[PDB]
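Chemist:
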DNA sequence: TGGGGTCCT
DNA sequence: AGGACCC
Ligand SMILES: Nc1ccn([C@H]2C[C@H](O)[C@@H](COP(=O)(O)NP(=O)(O)OP(=O)(O)O)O2)c(=O)n1
Ligand SMILES: [Mg+2]
Ligand SMILES: [Mg+2]
């Protein structure tokens with residue numbers, strides 16, 4: 051009933067890919083920029099005071115010698131991401147994707163198959179690969195410790211394979227569930243791995259300063275818990291279950307309370323092929339229908355390129371826009392003939411479709427100014 | 001004024 | 001169609 055789970059997080063992913071593209075940026079402090087924001091930066095820049103998700107002004111101010119690379123086109127990063135996911139799928143068929151650079155792999159069955167091959171005299175030769183959380187002493191007779199050590203061996207093999215086959219470095223965390231693996235992956239960064247033995251579990255769960263640092267607790271839930279006087283992990287462990295159920299609903303309360311103890315009963319789910327494609331474009335303002343129509347033709351073009359390559363045809367189109375000052384969206388199924396024609403000029407009809415979806419949301423007669431325009435193809439089959 | 005994704009309601 | 005979460 052006890053598992054072995056590994057979590058893989060790539061170091062400065064966008065920056066890493068940009069460095070692989072042209073090695074001219076290997077030692078220069080590098081930051082990947084999308085509009086007025088630096089999503090990530092090279093670790094050389096991270097030394098200079100540059101942080102992830104800084105303003106471009108705050109980045110160049112704290113580090114003027116910073117070199118910036120535009121990263122609004124995610125195509126190369128996406129290619130690398132799925133190469134990583136496939137590589138990990140080689141080890142175990144079930145690999146769950148989180149983000150572009152995070153991956154969960156269930157090593158349990160693989161670890162057992164490994165253990166049955168070893169002999170009684172060899173069970174003493176098992177050694178850890180990478181870091182052990184909190185320098186915890188290993189009990190070679192504790193079977194859980196052994197299985198987690200094998201998990202660290204498989205994790206090291208995974209990272210070595212990633213570097214030799216894709217030229218990518220990453221951090222890994224081996225634990226007994228998903229939450230603890232993802233939490234223990236980032237203990238030693240960059241390009242280091244850490245295994246967490248059960249005794250140290252509580253320590254890790256209290257190393258956190260605030261509760262938002264837990265996956266599954268976002269801005270809304272954390273704001274509500276701040277309003278409820280919950281500011282620490284122990285504050286959530288000790289909170290009355292009934293009151294929390296009443297304030298957050300039944301499901302969320304049970305789940306985040308179980309998370310508050312580091313308990314994760316979730317299994318690794320084979321992510322497989324993506325359930326949707328989408329292209330985004332933001333700006334300061336857009337106040338012309340023809341202005342919006344051209345951007346929709348652009349996003350529509352890139353999406354048309356992407357859908358014909360997957361071989362899976364989308365069955366529903368969605369338009370999302372954000373007005374100036381929240382998001383709003385209107386979708387509809389794609390007609391039968393244009394679905395079949397994908398793979402014939404399919405450009406002209408789709409536009410009209412989206413434009414209809416556009417005119418429903420915004421009255422062209424009344425003035426308007428749009429902040430965000432995004433197109434999505436979903437319901438792939 | 002980031003550019004994507006997931007599932008639940 | 002919107003809302004919560006993740007990177
Ligand atoms: N809000 C976000 C978060 C991440 N990303 C992209 C940029 C990152 O290169 C990539 C991975 O994000 P991340 O793992 O949170 N931090 P990154 O991998 O850049 O460096 P580490 O801090 O993991 O070493 O996703 C984004 O575009 N918008
Ligand atoms: Mg990450
Ligand atoms: Mg990362």
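In the UniProt record's numbering, the protein residues as written are 51 to 375, 381 to 398, 402 to 439.
Heads up, the beta-carbon is just placed ideally off N, CA and C, and yes, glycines get one too.
For ligand 3, any of its heavy atoms closer than 8 Å to the Cβ of residue 152?
Modeler: Yes - ligand 3 has a heavy atom lying nearer than 8 Å to the Cβ of residue 152.
Chemist: Helix, strand or coil for residue 193 per DSSP?
Modeler: Here residue 193 sits in helix by DSSP.
Chemist: In the DSSP assignment, what residue or residues form a beta bridge with residue 108?
Modeler: Answer is none; residue 108 lacks a bridge partner.
Chemist: Give the C-beta separation of residue 55 and residue 194 to the nearest angstrom, bearing in mind that I take them to be a contact with Cβ-Cβ under 8 Å.
Modeler: In fact, because the Cβ distance is near 13 Å, the residues do not count as touching under 8 Å.
Chemist: Less than 8 Å between the CB of residue 61 and some heavy atom of ligand 3, yes or no?
Modeler: Yes, Cβ of residue 61 sits closer than 8 Å to a heavy atom of ligand 3.
Chemist: May I ask which residues mark the beginning and end of the alpha helix (DSSP H) holding residue 429?
Modeler: Note, residue 429: premise wrong, no alpha helix (DSSP H); beta strand (DSSP E) at 428–436.
Chemist: May I ask whether a heavy atom of ligand 1 can be found less than 8 Å away from the beta carbon of residue 240?
Modeler: Yes, the beta carbon of residue 240 sits closer than 8 Å to at least one heavy atom of ligand 1.
Chemist: Roughly how many whole angstroms lie between the Cα atoms of residue 395 and residue 190?
Modeler: Near 60 Å, if we compare the C-alpha coordinates of residue 190 and residue 395.
Chemist: At the level of alpha carbons, what is the spacing between residue 122 and residue 84?
Modeler: Their backbone Cα atoms lie some 5 Å apart in a straight line.
Chemist: Taking the alpha helix (DSSP H) that residue 140 belongs to, which residues open and close that run?
Modeler: Note, residue 140: alpha helix (DSSP H), 125–141.
Chemist: With H, G and I counted as helix, E and B as strand and the rest as coil, what does DSSP make of residue 260?
Modeler: It is coil, neither helix nor strand.
Chemist: Go ahead and label residue 66 buried or exposed: buried means 16 or more other beta carbons lie within 10 angstroms of its beta carbon, across all protein chains shown.
Modeler: Looking at its Cβ environment, which holds 16 or more other Cβ atoms inside 10 Å, residue 66 is buried.
Chemist: Have a look at 86, 94, 72 and flag the residue whose alpha-carbon is nearest the alpha-carbon of residue 80.
Modeler: The candidate whose alpha carbon is nearest that of residue 80 is 94.
Chemist: Go ahead and pull the three-state DSSP assignment for residue 392.
Modeler: In the structure shown, residue 392 sits in a helix (DSSP, three-state: H, G or I).
Chemist: Would the beta-carbon of residue 226 fall within 9 Å of that of residue 264?
Modeler: Contact flag unset, no.
Chemist: Would you give the residue range spanned by the alpha helix (DSSP H) that residue 91 belongs to?
Modeler: No alpha helix (DSSP H) contains residue 91, which is instead part of the beta strand (DSSP E) from 88–91.
Chemist: Please find out if some non-hydrogen atom of ligand 2 comes closer than 8 Å to the beta-carbon of residue 149.
Modeler: Yes; taking the cut-off as 8 Å, the Cβ of residue 149 has a heavy atom of ligand 2 nearer than that.
Chemist: Would a C-beta distance cut-off of 9 Å place residue 367 and residue 415 closer than the cut-off?
Modeler: Cβ atoms of residue 367 and residue 415: closer than 9 Å.
Chemist: Which whole runs of the alpha helix (DSSP H) in the region 168–217 are 4 residues long or more, in chain order?
Modeler: Fully enclosed alpha helix (DSSP H) runs of 4 or longer: 193–216.
Chemist: Considering only residues of the same chain and omitting the five flanking positions on each side of residue 351, which have a CB-CB separation below 8 Å?
Modeler: For residue 351, where only same-chain residues beyond five positions count, the Cβ hits under 8 Å are 405.
Chemist: Who are residue 59's beta bridge partners in DSSP?
Modeler: DSSP, once it has assigned bridges, lists 152, 221 as partnering residue 59.
Chemist: Using the three-state DSSP reduction, which class does residue 77 fall into: helix, strand or coil?
Modeler: Note: residue 77 maps to coil in three-state DSSP.
Chemist: Report the residue from 276, 371, 170, 407 whose alpha carbon sits nearest the alpha carbon of residue 420.
Modeler: With distances taken between Cα atoms, residue 420 lies closest to 371.
Chemist: So, using beta-carbon positions, are residue 197 and residue 321 closer together than 9 Å?
Modeler: Contact flag unset, no.
Chemist: Which residues mark the beginning and the end of the alpha helix (DSSP H) in which residue 304 is found?
Modeler: Residues 300–310.
Chemist: Comparing alpha-carbon positions, which option in 303, 177, 314 lies nearest residue 231?
Modeler: Residue 231 has its Cα closest to that of 314, out of 303, 177, 314.
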